[PDB]
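Colleague: Input target-v4.json, format and content: JSON, C-alpha atoms.
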```
[["chain", "number", "residue", "atom", "x", "y", "z"],
["A", 1, "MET", "CA", 85.38, 109.02, 86.55],
["A", 2, "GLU", "CA", 88.17, 106.94, 88.12],
["A", 3, "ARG", "CA", 88.89, 106.16, 91.79],
["A", 4, "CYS", "CA", 91.61, 104.10, 93.51],
["A", 5, "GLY", "CA", 92.98, 101.23, 91.39],
["A", 6, "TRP", "CA", 94.32, 98.50, 93.71],
["A", 7, "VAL", "CA", 90.70, 97.45, 94.37],
["A", 8, "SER", "CA", 89.91, 94.27, 92.41],
["A", 9, "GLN", "CA", 87.59, 91.27, 92.89],
["A", 10, "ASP", "CA", 86.29, 90.64, 96.43],
["A", 11, "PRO", "CA", 83.55, 93.31, 96.43],
["A", 12, "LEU", "CA", 84.46, 93.77, 100.11],
["A", 13, "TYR", "CA", 87.18, 96.23, 99.04],
["A", 14, "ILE", "CA", 84.85, 98.54, 97.09],
["A", 15, "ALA", "CA", 81.82, 97.81, 99.31],
["A", 16, "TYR", "CA", 83.85, 98.74, 102.42],
["A", 17, "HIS", "CA", 85.73, 101.57, 100.67],
["A", 18, "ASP", "CA", 82.44, 103.04, 99.39],
["A", 19, "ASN", "CA", 80.71, 102.57, 102.76],
["A", 20, "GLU", "CA", 83.50, 104.42, 104.61],
["A", 21, "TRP", "CA", 87.28, 104.81, 104.20],
["A", 22, "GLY", "CA", 88.16, 108.45, 103.45],
["A", 23, "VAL", "CA", 85.32, 109.73, 105.66],
["A", 24, "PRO", "CA", 86.68, 111.17, 108.94],
["A", 25, "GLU", "CA", 84.63, 109.71, 111.81],
["A", 26, "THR", "CA", 84.33, 111.34, 115.26],
["A", 27, "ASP", "CA", 82.02, 108.71, 116.79],
["A", 28, "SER", "CA", 83.81, 106.91, 119.64],
["A", 29, "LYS", "CA", 81.65, 103.80, 119.12],
["A", 30, "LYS", "CA", 82.38, 103.47, 115.38],
["A", 31, "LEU", "CA", 86.00, 104.64, 115.76],
["A", 32, "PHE", "CA", 86.53, 102.39, 118.81],
["A", 33, "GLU", "CA", 85.82, 99.30, 116.67],
["A", 34, "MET", "CA", 88.06, 100.58, 113.85],
["A", 35, "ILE", "CA", 91.25, 100.52, 115.95],
["A", 36, "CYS", "CA", 90.13, 97.30, 117.69],
["A", 37, "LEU", "CA", 89.29, 95.41, 114.47],
["A", 38, "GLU", "CA", 92.53, 96.49, 112.76],
["A", 39, "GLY", "CA", 94.50, 95.33, 115.83],
["A", 40, "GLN", "CA", 93.94, 91.78, 114.52],
["A", 41, "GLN", "CA", 95.35, 92.88, 111.13],
["A", 42, "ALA", "CA", 98.76, 91.97, 112.61],
["A", 43, "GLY", "CA", 99.85, 89.32, 110.07],
["A", 44, "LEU", "CA", 96.30, 89.25, 108.67],
["A", 45, "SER", "CA", 95.01, 91.47, 105.83],
["A", 46, "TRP", "CA", 92.58, 94.39, 106.23],
["A", 47, "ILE", "CA", 90.22, 92.50, 103.89],
["A", 48, "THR", "CA", 90.20, 89.49, 106.24],
["A", 49, "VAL", "CA", 89.31, 91.75, 109.19],
["A", 50, "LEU", "CA", 86.15, 92.87, 107.35],
["A", 51, "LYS", "CA", 84.91, 89.26, 107.12],
["A", 52, "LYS", "CA", 85.74, 88.54, 110.78],
["A", 53, "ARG", "CA", 84.40, 92.03, 111.67],
["A", 54, "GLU", "CA", 80.88, 90.75, 110.91],
["A", 55, "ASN", "CA", 81.51, 87.48, 112.79],
["A", 56, "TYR", "CA", 83.04, 89.44, 115.69],
["A", 57, "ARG", "CA", 79.88, 91.55, 116.11],
["A", 58, "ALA", "CA", 77.85, 88.30, 116.04],
["A", 59, "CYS", "CA", 79.43, 87.00, 119.27],
["A", 60, "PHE", "CA", 80.71, 90.23, 120.87],
["A", 61, "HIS", "CA", 77.64, 92.40, 120.17],
["A", 62, "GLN", "CA", 75.51, 89.69, 121.82],
["A", 63, "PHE", "CA", 77.41, 90.31, 125.09],
["A", 64, "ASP", "CA", 77.42, 94.09, 124.53],
["A", 65, "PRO", "CA", 80.74, 95.94, 125.10],
["A", 66, "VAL", "CA", 79.68, 96.47, 128.73],
["A", 67, "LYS", "CA", 80.11, 92.77, 129.55],
["A", 68, "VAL", "CA", 83.31, 92.63, 127.46],
["A", 69, "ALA", "CA", 84.82, 95.03, 130.02],
["A", 70, "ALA", "CA", 83.42, 93.04, 132.97],
["A", 71, "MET", "CA", 83.26, 89.54, 131.44],
["A", 72, "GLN", "CA", 85.21, 86.56, 132.80],
["A", 73, "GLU", "CA", 88.32, 84.65, 131.63],
["A", 74, "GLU", "CA", 86.06, 81.62, 131.07],
["A", 75, "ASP", "CA", 84.02, 83.70, 128.60],
["A", 76, "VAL", "CA", 86.96, 84.21, 126.21],
["A", 77, "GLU", "CA", 87.93, 80.53, 126.54],
["A", 78, "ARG", "CA", 84.41, 79.62, 125.41],
["A", 79, "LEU", "CA", 84.68, 81.69, 122.21],
["A", 80, "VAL", "CA", 88.04, 80.04, 121.44],
["A", 81, "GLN", "CA", 86.00, 76.98, 120.40],
["A", 82, "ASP", "CA", 82.67, 78.37, 119.13],
["A", 83, "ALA", "CA", 82.95, 81.85, 117.57],
["A", 84, "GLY", "CA", 84.00, 81.71, 113.90],
["A", 85, "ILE", "CA", 86.73, 84.32, 114.45],
["A", 86, "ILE", "CA", 90.54, 84.14, 114.73],
["A", 87, "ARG", "CA", 91.27, 82.05, 117.85],
["A", 88, "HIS", "CA", 94.43, 82.74, 119.89],
["A", 89, "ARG", "CA", 93.19, 83.36, 123.45],
["A", 90, "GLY", "CA", 95.87, 86.07, 123.81],
["A", 91, "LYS", "CA", 94.27, 88.17, 121.05],
["A", 92, "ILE", "CA", 90.84, 87.79, 122.69],
["A", 93, "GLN", "CA", 92.14, 88.75, 126.15],
["A", 94, "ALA", "CA", 93.55, 91.89, 124.49],
["A", 95, "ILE", "CA", 90.07, 92.98, 123.35],
["A", 96, "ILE", "CA", 88.81, 92.64, 126.94],
["A", 97, "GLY", "CA", 91.44, 95.14, 128.14],
["A", 98, "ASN", "CA", 90.40, 97.56, 125.37],
["A", 99, "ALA", "CA", 86.81, 97.62, 126.69],
["A", 100, "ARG", "CA", 88.11, 98.08, 130.25],
["A", 101, "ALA", "CA", 90.53, 100.89, 129.33],
["A", 102, "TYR", "CA", 87.95, 102.37, 126.93],
["A", 103, "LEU", "CA", 85.25, 102.71, 129.61],
["A", 104, "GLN", "CA", 87.77, 104.03, 132.16],
["A", 105, "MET", "CA", 88.67, 106.93, 129.84],
["A", 106, "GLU", "CA", 85.04, 107.50, 128.81],
["A", 107, "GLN", "CA", 83.95, 107.25, 132.47],
["A", 108, "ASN", "CA", 85.25, 110.83, 132.81],
["A", 109, "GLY", "CA", 83.07, 111.81, 129.82],
["A", 110, "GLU", "CA", 86.24, 112.35, 127.76],
["A", 111, "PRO", "CA", 85.70, 111.73, 124.02],
["A", 112, "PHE", "CA", 88.01, 108.95, 122.75],
["A", 113, "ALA", "CA", 87.57, 109.63, 119.00],
["A", 114, "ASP", "CA", 88.28, 113.38, 119.27],
["A", 115, "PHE", "CA", 91.61, 112.64, 121.03],
["A", 116, "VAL", "CA", 93.03, 110.01, 118.64],
["A", 117, "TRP", "CA", 92.70, 112.12, 115.45],
["A", 118, "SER", "CA", 93.03, 115.52, 117.18],
["A", 119, "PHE", "CA", 96.74, 114.67, 117.58],
["A", 120, "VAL", "CA", 96.94, 116.27, 114.11],
["A", 121, "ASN", "CA", 96.69, 119.72, 115.75],
["A", 122, "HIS", "CA", 92.99, 120.08, 114.87],
["A", 123, "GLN", "CA", 94.30, 120.22, 111.28],
["A", 124, "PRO", "CA", 93.63, 117.15, 109.09],
["A", 125, "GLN", "CA", 96.40, 116.16, 106.64],
["A", 126, "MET", "CA", 96.16, 115.74, 102.85],
["A", 127, "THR", "CA", 98.31, 113.96, 100.24],
["A", 128, "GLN", "CA", 99.11, 114.72, 96.58],
["A", 129, "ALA", "CA", 100.89, 111.59, 95.29],
["A", 130, "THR", "CA", 100.25, 109.97, 91.89],
["A", 131, "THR", "CA", 99.67, 106.45, 93.27],
["A", 132, "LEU", "CA", 99.15, 104.80, 96.68],
["A", 133, "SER", "CA", 102.71, 103.40, 96.48],
["A", 134, "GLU", "CA", 104.13, 106.92, 96.81],
["A", 135, "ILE", "CA", 102.02, 107.38, 99.97],
["A", 136, "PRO", "CA", 104.00, 106.43, 103.12],
["A", 137, "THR", "CA", 102.54, 103.93, 105.61],
["A", 138, "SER", "CA", 104.31, 105.73, 108.47],
["A", 139, "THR", "CA", 103.40, 109.41, 108.93],
["A", 140, "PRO", "CA", 104.63, 111.63, 111.80],
["A", 141, "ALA", "CA", 101.12, 111.60, 113.32],
["A", 142, "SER", "CA", 100.95, 107.79, 113.07],
["A", 143, "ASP", "CA", 104.10, 107.37, 115.20],
["A", 144, "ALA", "CA", 102.95, 109.99, 117.74],
["A", 145, "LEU", "CA", 99.38, 108.61, 117.72],
["A", 146, "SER", "CA", 100.50, 105.02, 118.39],
["A", 147, "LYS", "CA", 102.60, 106.26, 121.33],
["A", 148, "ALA", "CA", 99.50, 107.93, 122.82],
["A", 149, "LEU", "CA", 97.34, 104.78, 122.65],
["A", 150, "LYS", "CA", 100.23, 102.87, 124.26],
["A", 151, "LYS", "CA", 99.72, 104.97, 127.41],
["A", 152, "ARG", "CA", 96.09, 103.81, 127.59],
["A", 153, "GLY", "CA", 97.49, 100.26, 127.71],
["A", 154, "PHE", "CA", 96.43, 99.22, 124.19],
["A", 155, "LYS", "CA", 98.56, 96.52, 122.54],
["A", 156, "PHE", "CA", 99.04, 95.86, 118.80],
["A", 157, "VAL", "CA", 99.53, 99.57, 118.01],
["A", 158, "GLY", "CA", 102.51, 99.26, 115.64],
["A", 159, "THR", "CA", 102.89, 102.15, 113.17],
["A", 160, "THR", "CA", 101.36, 99.90, 110.49],
["A", 161, "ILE", "CA", 98.13, 99.34, 112.45],
["A", 162, "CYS", "CA", 97.83, 103.08, 113.20],
["A", 163, "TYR", "CA", 98.30, 103.88, 109.50],
["A", 164, "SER", "CA", 95.46, 101.52, 108.53],
["A", 165, "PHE", "CA", 93.20, 103.21, 111.11],
["A", 166, "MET", "CA", 94.26, 106.60, 109.70],
["A", 167, "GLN", "CA", 93.08, 105.66, 106.19],
["A", 168, "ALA", "CA", 89.91, 104.01, 107.54],
["A", 169, "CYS", "CA", 88.87, 107.09, 109.56],
["A", 170, "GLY", "CA", 89.76, 109.70, 106.92],
["A", 171, "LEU", "CA", 92.33, 111.85, 108.77],
["A", 172, "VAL", "CA", 94.44, 111.83, 105.58],
["A", 173, "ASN", "CA", 92.76, 112.69, 102.25],
["A", 174, "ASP", "CA", 93.92, 110.01, 99.78],
["A", 175, "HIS", "CA", 93.20, 110.93, 96.14],
["A", 176, "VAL", "CA", 95.55, 110.12, 93.24],
["A", 177, "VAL", "CA", 95.76, 112.92, 90.64],
["A", 178, "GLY", "CA", 92.78, 112.51, 88.29],
["A", 179, "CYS", "CA", 90.69, 110.81, 91.00],
["A", 180, "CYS", "CA", 87.18, 111.97, 90.06],
["A", 181, "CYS", "CA", 88.41, 115.58, 90.40],
["A", 182, "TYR", "CA", 91.73, 115.96, 92.25],
["A", 183, "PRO", "CA", 92.94, 119.59, 92.04],
["A", 184, "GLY", "CA", 96.51, 120.90, 92.49],
["A", 185, "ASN", "CA", 97.61, 119.42, 89.14],
["A", 186, "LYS", "CA", 97.38, 122.88, 87.52],
["A", 187, "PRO", "CA", 100.48, 124.49, 85.93]]
```
Would you kindly transcribe this structure into structure tokens?
Modeller:
Amino acid sequence: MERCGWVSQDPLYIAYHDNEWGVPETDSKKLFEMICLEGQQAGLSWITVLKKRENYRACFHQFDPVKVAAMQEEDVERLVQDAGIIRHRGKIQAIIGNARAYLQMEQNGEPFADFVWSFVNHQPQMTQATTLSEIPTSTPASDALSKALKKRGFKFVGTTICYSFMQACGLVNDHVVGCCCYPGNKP
């Protein structure tokens, strides 16, 4: 019974990987935070986002996403001092736009999660590499997906951020040969 291999120390990797990662999510609420939390990954590491992810919900959840879309510029300036999360003002203002553009699209009752991963032609992708290194961090859907979010007005959508969201959701099935029971390795 073996799974992954780059995971080591910092139980956040396994704890988060076991909690999700590899499990395609269609919930706009859960998926909406996935792309938003990773957005801060720029320069930071996915592991660091998990720690701030909990701190982010501590201050943001208190205001409820509704206020985040109709909050005030003085609100973000207040968190810059007391918050416990990455402070940059610009990064915070970006989250506000996400809540505004997110509600605008949902206002029509259109599902946000179904659109982001549907770009795969309603046909999830799978991989058959021996290690994660062989897996590419830039897949055809990642480049096309990032371009779609750009239209919504979302920033920090580089192909690297989209790839991280792809692995977090589960669109691509990552499983090194011999992972618990990876098939396809037959003669």
Colleague: Tell me which of A:68, A:179, A:76, A:105 sits closest to residue 92 in chain A, counting only C-alpha atoms.
Modeller: A:76
Colleague: Between A:98, A:81, A:137, A:28, which one has atoms that come closest to residue 150 in chain A, using only C-alpha atoms?
Modeller: A:98
Colleague: Counting only C-alpha atoms, which residue out of A:86, A:49, A:169, A:80 sits closest to residue 19 in chain A?
Modeller: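 Looking only at the distances to residue 19 in chain A, the closest residue turns out to be A:169.
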Colleague: Give me, as a VMD selection string, all polymer residues having an atom no more than 10 Å from residue 22 in chain A, counting only C-alpha atoms and skipping those fewer than 5 positions away in the same chain.
Modeller: chain A and resid 17 166 to 175
Colleague: I need the residue nearest residue 26 in chain A from this list: A:145, A:153, A:183, A:115. Use all atoms listed in the file for the distance.
Modeller: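 Smallest separation from residue 26 in chain A among the options: A:115.
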Colleague: Which polymer residues, whether protein, DNA or RNA, lie within 12 Å of the coordinate (88.8, 114.8, 118.2) when you count only C-alpha atoms? List them as a PyMOL selection string, using the chain letters and numbers from the file.
Modeller: chain A and resi 24-28+31+110-124+169+171
Colleague: Would you kindly return, as a list in words, each protein, DNA or RNA residue with an atom no farther than 8 Å from any atom of residue 138 in chain A, considering only C-alpha atoms and excluding same-chain residues fewer than 2 positions away?
Modeller: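 My reading of the contact set: residues 136, 140, 142, 143, 159, 160 and 163 of chain A.
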Colleague: Kindly provide, as JSON, the centre and edge lengths (Å, one decimal) of an axis-aligned box around all atoms of range 142-147 of chain A given in the file, with 6 Å on each side.
Modeller:
```
{"center_x": 101.7, "center_y": 107.5, "center_z": 117.2, "size_x": 16.7, "size_y": 17.0, "size_z": 20.3}
```
Colleague: Return the single residue from A:127, A:148, A:132, A:74 that is closest to residue 7 in chain A, with distances computed using only C-alpha atoms.
Modeller: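 For residue 7 in chain A, the nearest of the candidates is A:132.
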Colleague: Between CA of residue 164 in chain A and CA of residue 12 in chain A, what is the spacing in Å?
Modeller: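 The value is 15.9 Å.
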Colleague: Please indicate the distance in Å from CA of residue 4 in chain A to CA of residue 36 in chain A, rounded to one decimal place.
Modeller: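 Taking CA of residue 4 in chain A and CA of residue 36 in chain A, their separation equals 25.2 Å.
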Colleague: Using all atoms listed in the file for the distances, tell me which of A:186, A:152, A:61, A:3 is nearest to residue 103 in chain A.
Modeller: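 Of A:186, A:152, A:61, A:3, the one nearest residue 103 in chain A, counting all atoms listed in the file, is A:152.
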